[PDB]
Each structure stands twice: as structure tokens, then as C-alpha cells.
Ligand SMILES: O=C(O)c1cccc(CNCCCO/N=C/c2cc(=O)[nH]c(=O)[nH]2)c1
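Presented below, as C-alpha cells, is a lone chain in the form solved without this ligand.
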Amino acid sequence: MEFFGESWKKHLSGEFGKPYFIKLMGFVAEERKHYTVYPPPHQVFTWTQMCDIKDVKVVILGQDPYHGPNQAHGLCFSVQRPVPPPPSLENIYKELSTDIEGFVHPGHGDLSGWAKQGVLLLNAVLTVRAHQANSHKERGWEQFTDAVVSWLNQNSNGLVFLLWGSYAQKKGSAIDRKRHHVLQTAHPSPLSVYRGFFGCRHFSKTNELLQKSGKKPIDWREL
């Protein structure tokens, strides 16, 4: 398993030999043989490269990777320079501008600076055929990313899960809320952002909740 962080591999590699995962890898490989699939192979598991699994403090669950050229890079919501922030990310930055007073839009969409601090930016589906939205859904990724969420749920303490939209909320429905904190609202995309996302103050609330378990806050400006 190339490009997969060692601390994550230690705890999740039990998935790799299961029939569903073998089937998944075979499918993705057959897709790559004939098509361009995003993100590129070295970025499928960026979320395992940015920080140690035990240093994860905050978990933001997404759905599918971006399917446009150069957009997906292995972190939900994020795009690498010089790709313009997509609409949902511009709205995330708008909420940061009022919640974390003094936050200035960084002029790019790369959320790596959060990932390094222990914000896990996990899509549920980790690849997509180029230009074809949701094309790799229901092929095995969901079970794998369920394993990731379940490991964190059972092994970590005092995480904050941010569940934006119904898909993410369903994926987080069995989180232990005595052990961790769950904040839920509408998705930040323009069609739903006015239905709860603006004003949610999840960024400030996250840091207040992290303090309850002695964790230093996320520096949301460090992008």
C-alpha cells in the first residue's frame, strides 16, 4: 500500500485483505487502466499523510471527490493552488470570516494547513472517474471510510465531528456522543447554506469543545 501514512496503516491495514477491499482495488485499477481517475494515485490517501492518526482532533466528513481537472487532492473541500475555491468552500470561508473574527480569505482553497493540525478532511468515496460525478460510489470506499470513522470513534477521545448535510450526518449517525462531540448543520453549498450553515459557528464551537478534553485549539487561520 503506497502513499498511505504509517500510523494509519498500522490500525487500518486489516481492511486491505477483506473481499470488499480487494474488489474495490481491482475496480479502481481497471478504471485507471483506461481512464483518468481523480485524485491521482499518490493523493488518494493525502488524509493519512498530513498528521498522525492519534493526532486527529476534528473530523469533517464529505461525500465524493471533486471530479474536475486538478481539483481533488485527497482532502474533502480542499483544492490545491492555483485552483479557485469551489462555491461550498467560499461559503466555509464566509462563515470563518464572521465566526473567527479577523480571519482573512487566504486567496486559495488548500486546506492542508488544517489537516496538519489534526483536522481530518475525509470524503466517504475516495476516487472518481474524471468528469463523471459520483462515478465510483457504492464500489467499496464507503465501507472503508466507515472503518476509519469507527476506529476513531472507538479509540480516540473527545473528537469533534462536523457533519454538514444529510449524507455526512448519516455517515456519523453512530458516533458515541458521550465520548465525542458532534455538531450538525446544513451543507455549505449555495442551495443549502442559508438553511443553517451561515451562523453555525462550528469553528469557534469546535475549539471550545476541544478544550474540554485538554486539546489545544485549531488555528483556523493557518492555511
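Note that residue numbering begins at 1 and tracks the sequence as displayed.
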124 to 132 versus 148 to 156: which one carries the higher mean Cα B factor per the record? 124 to 132
Entry B factor averaged over C-alpha atoms, 56 to 64 against 22 to 30: higher for 22 to 30
Given 106, 82, 113, 118, the residue at which the Cα B factor reaches its maximum: 82
Which one of 164, 161, 35, 198 shows the top CA temperature factor in the record? 35
Within this chain's modelled residues, let me know which third the CA B factor of residue 174 belongs to: lowest, middle or highest. middle
Where does residue 168 sit by CA temperature factor within its chain: lowest, middle or highest third? lowest
Should residue 2 be placed in the lowest, middle or highest third of its chain by the C-alpha B factor in the entry? highest
Within this chain, which third does the Cα B-factor at residue 186 fall in: lowest, middle or highest? lowest
Comparing residue 70 with the other modelled residues of its chain, is its CA B-factor in the lowest, middle or highest third? highest
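What comes next is about the form solved in complex with this ligand, which is not displayed.
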Place this ligand on the shown form using its pose in the bound PDB entry and a superposition of the nearby C-alphas, then give a one-word verdict, open or blocked, with blocked set at 3+ atoms within 2.4 Å of backbone or C-beta. blocked
Name the stretch, out of 172 to 180, 44 to 52, 150 to 158, 59 to 67, where some heavy atom lies within 4.5 Å of this ligand in the bound PDB entry. 59 to 67
With a 4.5 Å heavy atom cut-off, would you call residue 87 a contact of this ligand in the bound PDB entry? yes
Residue 190 versus this ligand, in the bound PDB entry: is there a non-hydrogen atom within 4.5 Å? yes
Determine whether any heavy atom of residue 115 comes within 4.5 Å of a heavy atom of this ligand in the bound PDB entry, and answer yes or no. no
Taking any heavy atom pair closer than or equal to 4.5 Å as contact, tell me whether residue 96 reaches this ligand in the bound PDB entry. no
Looking in the bound PDB entry, the residues of 148 to 165 with a heavy atom no more than 4.5 Å from this ligand, listed in order, are none
